[PDB]
């Protein structure tokens, strides 16, 4: 199959590229891959473990191997012998110039970038480069996945976002003020009839205009925002307190990381998309809102080794309060990269099975799942198991 990756040279994207190839050459286990659990046997009939990559980037380096080695140099999150083995394959992967349109102040923190909007292109001219890049790569087994730096909350507009006819009116009128890059790549992929997922809290295809386009074109799509570590624990453990009829009176979630993700998120406008996504799950699960605080801070020594400190204060019998603390220490790229490969395969499955529009049953992968109030990790895992069985 083919995966077009937005933000192709990022750490999640390149680790997924590295892992795909290492697994295919026989030199790495299949750990981490949900699509490889026993419940999903038979998936290889529809979406075999077999990948070619392309993508869009704004940080142009020469190819995906150079990009993979840069992140590896700082992180050493897989073995040198893997990097060497997949070098040749990755050196053949060369990203194309994307758009950082309205992606917030945090993009400054990436250093040397080049973008389509920086060439003076109108929105319509931009959309055409993007589509030309994707379609020249795409086949009948291609999916597009956004792994780009998180954008800030967009300037929402009813006219331009609330219908597909209004969204295309935006493009025709070149009204950039209301377009963000994640929407343009989503639009390009759905217009081309490719399945799409959004791994980030950017809006992507999560506006009605693009949901309406997905249904009309008969294309499945999924999102938003990879739920990979601290928020995974949150949607696993919060349920325990409800099962036992306990009130959660406060939940603190404090995250510190470095590398390119922590750097963009060091900016206040970019940080807000991610924080809101992480914060808001509590109410949806419990029915009420405990005093929550969720923060992300840059901490460069940690590089991609994001660490999360959480504290949960909660009331039990007779009203007495009590305390639970947890600390999560993981490489972000390691818990996210297999999910990119899972999402790609499940999208292809859903595509081959006639599924259109939001695949709400992929909520399990995401912090902010489209079209569903199923947040609980256990329930999400049941829904995804059952969804697959119903279509298999």
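Numbering follows the first chain given and starts at 1.
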{"query": "Mean C-alpha temperature factor, higher of 132 to 140 and 234 to 242", "finding": "132 to 140"}
{"query": "Per the entry, higher mean C-alpha B factor between 361 to 369 and 320 to 328", "finding": "361 to 369"}
{"query": "Out of 300, 223, 203, 104, highest CA B-factor residue", "finding": "104"}
{"query": "Selection by C-alpha B-factor (highest) of 219, 256, 145, 85", "finding": "85"}
{"query": "Chain thirds of CA B-factor: placement of residue 309", "finding": "lowest"}
{"query": "Entry-reported Cα temperature factor of residue 55, expressed as the chain third it lands in", "finding": "middle"}
{"query": "Record-listed C-alpha B factor of residue 169: chain third", "finding": "highest"}
{"query": "Third of the chain, ranked by Cα B-factor, where residue 61 sits", "finding": "highest"}
{"query": "Ranked C-alpha temperature factor of residue 160 among modelled chain residues, by third", "finding": "highest"}
